[PDB]
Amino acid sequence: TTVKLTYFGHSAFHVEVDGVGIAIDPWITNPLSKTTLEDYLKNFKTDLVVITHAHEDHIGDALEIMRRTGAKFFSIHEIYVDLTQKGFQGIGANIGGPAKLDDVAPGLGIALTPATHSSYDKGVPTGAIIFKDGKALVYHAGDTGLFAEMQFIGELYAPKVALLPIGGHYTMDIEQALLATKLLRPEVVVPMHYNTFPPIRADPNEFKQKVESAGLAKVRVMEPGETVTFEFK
């Protein structure tokens, strides 16, 4: 199985997993992006939009993306209610076992995870694990501090690639993201949610050298607009 992973700055990603395009917290137009919304829409196919929580830095350009592409959303129940009432089409879920998304693509599932953070009045914040044929490929942590159930995610699923926030202040710092990496058992970690604004300034290369000197995993510091392909067998 093949995962083509594009980073757009902040916590915005496009995950292509065997010819289905899944966007997560798609603030394409964040301050560090090198991609306009026009560029994104020409260059990526969007089949699903994952929203981890309701902060605007994460919802981002979701609504316009969904209007222009026809893509459905995937999100926690409260956000599903708010967006369904606003006229959008999507799948709602909650924290637990994966949702079966066969209609989107055969064998695809996504589970919502805990996250120690906030989400205005729109339910609770989440992370998201993308499965194919029962295997956890990508865990996008949303915004979060440490959460003890990260250990269960490691043990039960060991998602291959972990997208983890490292900027501090509003989320785990580097130090906490290190412990998280240990708990979650990724093969590779892409750091996110850093440098966009002063309170979240952190050095992703500092993160890298500590995770790797600990032999905890490989860290792929991505650049806004960069794509990287991963195979796991």
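All residue numbers are counted from 1 along the displayed sequence.
- Averaged over Cα atoms, the B-factor as recorded in the entry is higher for 130-138 than for the other of 130-138 and 113-121.
- Relative to one another, 26-34 and 50-58 have unequal mean CA B-factors, and 26-34 is the one with the higher figure.
- The PDB entry assigns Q151 a C-alpha temperature factor belonging to the middle third of its chain's modelled residues.
- Among the modelled residues of its chain, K182 has a C-alpha B-factor that falls in the middle third, as given in the PDB entry.
- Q85: CA B factor in the highest third of modelled residues in this chain (values from the PDB entry).
- Per-chain ranking of the deposited C-alpha B factor places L163 in the lowest third.
- Per the PDB record, residue ranking by Cα B-factor puts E175 in the lowest third of the chain.
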